[PDB]
Every structure is written in structure tokens, then in C-alpha cells.
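Student:
6 protein chains.
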Amino acid sequence: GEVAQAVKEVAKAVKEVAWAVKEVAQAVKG
Amino acid sequence: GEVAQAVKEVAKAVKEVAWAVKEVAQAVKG
Amino acid sequence: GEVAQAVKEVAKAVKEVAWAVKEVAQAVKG
Amino acid sequence: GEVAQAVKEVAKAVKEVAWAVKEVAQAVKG
Amino acid sequence: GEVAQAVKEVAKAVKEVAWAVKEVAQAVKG
Amino acid sequence: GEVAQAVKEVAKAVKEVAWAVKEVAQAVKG
Numbered sequence: 001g002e003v004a005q006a007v008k009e010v011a012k013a014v015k016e017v018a019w020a021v022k023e024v025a026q027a028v029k030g
Numbered sequence: 001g002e003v004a005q006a007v008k009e010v011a012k013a014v015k016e017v018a019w020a021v022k023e024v025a026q027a028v029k030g
Numbered sequence: 001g002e003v004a005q006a007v008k009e010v011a012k013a014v015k016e017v018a019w020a021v022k023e024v025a026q027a028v029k030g
Numbered sequence: 001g002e003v004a005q006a007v008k009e010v011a012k013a014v015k016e017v018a019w020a021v022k023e024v025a026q027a028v029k030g
Numbered sequence: 001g002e003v004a005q006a007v008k009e010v011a012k013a014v015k016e017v018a019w020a021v022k023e024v025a026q027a028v029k030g
Numbered sequence: 001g002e003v004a005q006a007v008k009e010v011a012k013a014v015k016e017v018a019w020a021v022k023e024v025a026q027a028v029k030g
């Protein structure tokens, strides 16, 4: 359980990277 | 099982990063 | 415990990637 | 075994990110 | 212990990605 | 052991991402 919860924290952080990359794409378009 | 399922959630989030990066490439080309 | 703590260190490093990507977006906009 | 196989799926997804970043580099150069 | 040490190697590699992204930001600004 | 070896494969792939990001920085400079 404790290991699985820490791994889920990694998944959440990776999703934050994906959103930041989408921000870059929008800045390039603009 | 519980840990393996959480690791698979990380793999899915990483694929979302890959798609966001492809969106940057398309914005550069456009 | 020790494995979970190492995984949390990965999560923190991933958040640092997200902030660096945000800096790229601001540089492109500027 | 099952945890190791899930971790290998993460490794493959990370390689797909690397290729997408290479596409950005080619788009910038072009 | 062996698994925790390998996870710490991932954290170090992620920090190397963060620095490479900062180099992109500097190149854009320059 | 088997889990640790799979985690080391992830670290190697993350380093490949860092190198690809450096390629982007060089393309921007050029």
C-alpha cells in the first residue's frame, strides 16, 4: 500500500509535466 | 498486484507526455 | 518504507521538470 | 515478475518520449 | 535496499532532464 | 534483483530523454 501510494504521486507529477508541455505548444502557436 | 497497477498508471501518464511533445512539434512546423 | 521514500524523491524531481518546462513557455512568450 | 513487467512498460513509454523530443529538434532545424 | 538504490538512480536521471530543459529556455532567451 | 534491473532500464531511458532535450537546445541555438 505505501509503495503503491508513492507510485501514484509519481503518476500525478508526470501529468503535471504533460500539461506544462501543452503550455509550450500554445505559446509557440501564439 | 496493487503496486503493478500503480506502475501501469505511470506508464499511461508518460504516454500523455509523449503526445504533448508531438503537439509542440506540430506547432513548430505550422 | 525505504522504497516508498525513494519513489517520493522521484516525484519531487518530476515536479522540477514541470517547472523547467513552464520556464520554456515563458521564454517563448517573451 | 509482475511488478518488473509493469516497470518495463514504463521504460518503453519513456523511449517514446525521447523520440518525440527528437521530432521537435528536427522541426526546429527545418 | 537494492530496489531503493535503483529508484534513486531514476531520480538523478530526472534531475538531468530538468537541467536540459533549462538549457532550452536559455537558448530561447538568447 | 529482477525489479531493480527493470528500474535501471527506466533510468537509462530517462537519460536518453535528457540527451534528446539537449539536441533541441542546440537546434534552437543554431
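Protein chains in written order, with the authors' numbering: chain B, 1 to 30; chain A, 1 to 30; chain C, 1 to 30; chain C', 1 to 30; chain A', 1 to 30; chain B', 1 to 30. A prime marks a further copy of an entry chain.
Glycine is no exception: its CB is placed at the ideal position from the N, C-alpha and C atoms.
Can you give me the C-alpha to C-alpha distance between B:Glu-9 and C':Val-14, rounded to a whole angstrom?
Tutor: Each residue's alpha carbon lies about 17 Å from the other.
Student: Within 10 angstroms of the Cβ of C':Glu-2, are there 16 or more other Cβ atoms? Answer buried if so, exposed if not.
Tutor: With fewer than 16 Cβ atoms within 10 Å of its Cβ, C':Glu-2 is classed as exposed.
Student: So, C':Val-7 versus A:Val-7, is the Cβ gap smaller than 8 Å?
Tutor: Cβ distance < 8 Å, so C':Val-7 and A:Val-7 count as in contact.
Student: With a Cβ-Cβ cutoff of 8 Å, do C':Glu-23 and A:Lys-12 count as a contact?
Tutor: It is not a contact, given that the beta carbons lie outside the stated cut-off.
Student: If you draw a straight line from the alpha carbon of B:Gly-30 to that of C:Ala-25, how long is it in whole angstroms?
Tutor: Their backbone Cα atoms lie some 11 Å apart in a straight line.
Student: Taking only the alpha-carbon atoms, compute the straight-line gap between B:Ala-20 and B':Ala-4 and give it to the nearest angstrom.
Tutor: About 30 Å.
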